[PDB]
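One letter stands for each residue in the lines below.
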There are 2 protein chains.
Amino acid sequence: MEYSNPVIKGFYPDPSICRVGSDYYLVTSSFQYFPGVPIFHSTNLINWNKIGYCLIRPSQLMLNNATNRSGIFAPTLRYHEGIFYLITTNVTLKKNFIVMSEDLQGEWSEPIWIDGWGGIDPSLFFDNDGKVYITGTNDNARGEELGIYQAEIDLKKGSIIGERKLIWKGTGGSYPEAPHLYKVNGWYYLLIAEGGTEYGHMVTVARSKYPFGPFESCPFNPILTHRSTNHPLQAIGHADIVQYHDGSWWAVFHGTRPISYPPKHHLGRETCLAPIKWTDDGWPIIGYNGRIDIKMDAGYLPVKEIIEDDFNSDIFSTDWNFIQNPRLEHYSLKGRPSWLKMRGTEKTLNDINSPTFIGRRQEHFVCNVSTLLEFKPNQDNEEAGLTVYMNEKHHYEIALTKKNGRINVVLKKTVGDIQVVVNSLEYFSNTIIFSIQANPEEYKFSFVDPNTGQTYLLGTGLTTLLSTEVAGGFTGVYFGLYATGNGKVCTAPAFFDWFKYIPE
Amino acid sequence: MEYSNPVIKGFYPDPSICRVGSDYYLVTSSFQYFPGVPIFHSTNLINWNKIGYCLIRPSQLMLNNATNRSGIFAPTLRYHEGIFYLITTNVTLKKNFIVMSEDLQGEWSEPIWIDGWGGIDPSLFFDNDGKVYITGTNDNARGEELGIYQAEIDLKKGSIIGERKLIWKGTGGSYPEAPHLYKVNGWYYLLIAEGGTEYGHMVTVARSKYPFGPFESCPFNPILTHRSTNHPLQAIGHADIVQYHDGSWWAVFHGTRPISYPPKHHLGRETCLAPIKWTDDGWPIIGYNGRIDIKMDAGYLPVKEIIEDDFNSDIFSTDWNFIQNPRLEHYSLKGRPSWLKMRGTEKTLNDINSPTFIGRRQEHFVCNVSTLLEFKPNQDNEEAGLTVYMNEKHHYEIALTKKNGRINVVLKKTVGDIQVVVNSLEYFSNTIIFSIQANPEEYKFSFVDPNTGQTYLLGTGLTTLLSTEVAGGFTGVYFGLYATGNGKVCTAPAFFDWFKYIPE
Ligand SMILES: O[C@@H]1[C@@H](O)[C@@H](O)OC[C@H]1O
Ligand SMILES: O[C@@H]1[C@@H](O)[C@@H](O)OC[C@H]1O
Ligand SMILES: [Ca+2]
Ligand SMILES: [Ca+2]
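Attention here is on the structure that accompanies the text.

Residues in close proximity to ligand 1 include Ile120, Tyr175, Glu177, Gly196, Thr197, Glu198 and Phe474 of chain A together with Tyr261 of chain B, which together make up its full environment. Two or more chains meet at ligand 1, and those chains are chains A and B. One of the side-chain nitrogen or oxygen atoms of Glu177 of chain A is found 2.6 Å away from an oxygen atom of ligand 1. Here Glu198 of chain A contributes a side-chain N or O atom positioned 2.5 Å from an oxygen atom of ligand 1. Protein coverage of the free-state accessible area of ligand 1, which is 270 Å², stands at 83%. Of the residues assigned to the shell around ligand 1, the class counts are four nonpolar, two polar and two charged.

Okay, the coordination of the calcium ion (ligand 3) next. Residues and elements named next belong to chain A. Protein coordination at the calcium ion (ligand 3): the donors are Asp310 (O), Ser338 (O), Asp497 (O) and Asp497 (OD), at 2.3 to 2.5 Å from the metal. Mapping the donors of the calcium ion (ligand 3) onto the primary sequence yields the spacing D-x27-S-x158-D. With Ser338 in the loop between β27 (331-332) and β28 (340-342) and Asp497 in strand β39 (residues 494-503), the pair connects residues that are 159 residues apart, well separated along the chain.

Quick look at the pairing of strand β22 (residues 270-278) of chain B now. All names here are of chain B. Among the nine residues that make up β22, seven are buried, leaving the element largely enclosed by the rest of the structure. Here strand β21 (residues 249-256) pairs with β22 via seven bridges, running antiparallel. Paired with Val252 across the bridge in β22 is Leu273. Direction of pairing for β22 relative to strand β23 (residues 284-286): antiparallel, over a ladder of three bridges.

This next bit is on the sheet that holds strand β5 (residues 36-42) of chain A. Backbone hydrogen bonds are what pair the strands of a sheet, in a parallel or an antiparallel way. All names here are of chain A. If you trace the four strands from one edge of the open sheet to the other, you get β2-β3-β5-β6, paired in antiparallel fashion. Either end of the sheet is taken by a strand with one partner, and the two such strands are β2 (16-20) and β6 (49-55). Here the average twist between neighbouring strands, direction ignored, is 25 degrees. For β5 and β6, the ladder comprises five bridges, and the chain directions are antiparallel. What sits directly across from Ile39, in β6, is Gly52.

This paragraph deals with the relation of the copies chain A and chain B. Placing chain A over chain B gives an RMSD of 0.0 Å and needs a rotation angle of 180 degrees, together with 0.0 Å of translation along the axis. Seen this way, the second copy is the image of the first under a two-fold rotation axis. Both copies present the same face, since 100% of the interface residues in chain A are matched by interface residues at the equivalent positions in chain B.

What counts as what
Residues numbered from 1 in each chain as written, not as in the entry; some residues may be left out. Chains lettered and ligands numbered in written order. Heavy atoms only, no water. Near = heavy atom within 4 Å. Polar contact = N/O pair within 3.5 Å; in protein donor to acceptor, adjacent residues only side chain to side chain. Areas by Shrake-Rupley, 256 points an atom, 1.4 Å probe, with all protein chains shown as cover. Nonpolar A, V, L, I, M, F, W, Y, C, P; charged D, E, K, R; others polar. Donors = N, O, S within 2.8 Å, 3.2 Å for Na, K, Ca; no water. Helix = DSSP H or I, 4+ residues; strand = E, 2+ residues; numbered from the N terminus. Buried < 20%, exposed > 50% of the residue type's maximum accessible area, 1.4 Å probe, protein only. Pairing = 2+ DSSP bridges. Axes fitted to C-alpha atoms, helices over the stretch in contact; angles between N-to-C directions. Least-squares fit on C-alpha atoms. Contact = heavy atoms within 4.5 Å.

The following block contains the structure:
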């Protein structure tokens, strides 16, 4: 049997996995997007269903001033005696915290802030002796030596017991991070990422008889990397291991699918799966001796995509994210039942601080995305439409707007310091269907007059100019519905009847 | 004593070095730029003076249809019994050739085409037994196994003696390339690049008692790489070794200085220097056990930038390159003595096939570049100015132009599929001084009215949108003087009085 990588496609980085009996749960990083920290369930490690998010309340997720360079960084998920612990960093606040749940269909706890625990990638390990350990990176604010830090933690108090100690510097790669501690076959294993989450990314491992070391580096480190290869999967690492209930071992980690030359990626870092074997002399090796493929052997795992939103429910579907904490009053599913009613503010897609926007990840290279919009702009500044969005300086949009008392469909682009109106056509009704055809190189922007069914190609845009390499930050492309008054409140409401995501 | 890397700054990739007595000569790749293959001289391996170019005639350098993705790839320079051999690939033609010289102040020979020798990075080695070997990469057209290929060569005939043989696959990194064969201390050493000329770049070495192998991989391969580090120098590799006349060993290789995040570079791949030590058991290790720095110890090497062109000579200075083979009649140093007179064609900076353009490499992050132009556009399509140029889809320019019978200074940008006029101001004289202030993040575009000395900032542009990662190809930024008639011949001549390059 076979499966394909990635197992979770689109913007789903830094996977952490947790086994409960014969169920598996997985969390990913979310940066400036709200709600934060998607959570998935699987019974076979291959197929994941999103069950919702871990951070859904302002008290849990403070995203004012967050950008695709900040907000929520790597999350770690652990289970002990009936309680789930989700531990993560809000990099905007420079603070590490834990939330807890005993029922994953319900919401998580208020956060417990871990005072005086800096760095990123916090992780938890429950030892047989009743001790719990927190592990993470060096703290830059304190001028610490580069490497992996650890202490015992009191989970109730959210405080450190005893001393914060450097336990390993890694093999010599940059940014030693993503640390996880495990205990297998009478050894403690410390698993980490090195080389940075880009083309130099790799997984390394060290071992000790003691949770604080001294740790011996694995002699065939790194145990997983696509560095210095031309494989379609790149930037692989930030692994978390699991023993499946049949006794076999597996790792989840992320990787990218870059295109063009030099390689550029726009679907974000995507969650992948690979088997582990343990060598005679007690070391894990991941996949095909430290390498992986898009097609993989499933071992004994039990093997097994169109998404239309009619806005018929008054609860937003789990596909939708907002830029930072949404201004809830600017989105209504109730004003016009069966539609989404959006109120544009002065803020635009060029502004970091919550413009009126709702979006969903691009999860395929080839896809068709569309929406039906009713919008009658009252003034020249007023605008609503469909965006392909990476961050505040990298986005394209097709929209209805007004100029000199005249309604126009426009194609607009922001790339770095360039803001351009690429094309503009007069439009003569209140309703319009916008559609984007995505392929690996190019987005194609069309509109349809709903009353005639006639389609018009308004223009195109390059995928590569929205790539992470170009745009900066740590995320993937979203398709979004937005409204704006371009420096003023938008007096015209925007009504979206539906949204379709049809991947190839 | 110390020196700094890079030793040759700006767009100078794939260095090959050749010792003659106490003199050292070095060549670099030039892609679509004419003249081709710059050649340098040193007496101390640290300080290089450009002595001119190796490919200066149409018969030696056929660049029609060449782009920054094609043209002249890695060159290798060797010396034997009074004759220099320069061997290289014209990738546009998919052909390998050699030119020869016995006097480096004179011109090189007509090319000798090596029929049925494919691949890139051809290299030559003269053995003690009178045999000469050619070494290069796999040939993609023939579906060859990835690795390093070799044969005996007859230099007079430009043909292969005996069989073309795979001699080494490398360590497992992608694109095994840059092969050089040497014989030191009774071993043949095969030195190569792996991992591609980007973030995965590394140098590996293998050895044999025989020139065709079998080759044993060095046990601490790779012997030089900055992969999986955050060092300011990246993408290091494509090395060529030399024994200095004091007996010490040194390697030249290239690397980049990327900025921003993810890392993007715009000064091209730049030539660097590092020492070699030979281990007891007979292996070379480069620099600080396989790593290098911007500041380096000079060993026993004997240690030791404003460039103004007044166009007072009727021979172009060696700083100037053209895009492909120039149309010589469109450039005159004689029509107006002490000025450069340029005739714009229908071709623009957006066209690959020799627009009217002369340019010089950006060799520093911080620099001020300026020119005095006399230009009186006769018609609306007509344009002359100063460009910051990476390739046909990535360039910015400040220029004099005409619109609706009105003269304007404009800032224009081409980034991918975006072409924009960023700013436009009316201008009221025949002469203008254009200046660009470069810093690591930004180019700042100003003009000066020569008669008053008043300066005006017209606009700015991002360095990162001209980076190799963004633009594609294999080159660095040039500052250029250009003229165009935008689809028609330019009826107005452009006169440039001078050009200044003042680096910080
Ligand atoms: O992995 C990341 C690294 O690549 C760097 O650029 O930013 C912080 C690290 O977490
Ligand atoms: O080094 C180069 C590699 O990185 C690839 O992209 O193009 C051909 C090779 O010579
Ligand atoms: Ca509906
Ligand atoms: Ca002059």
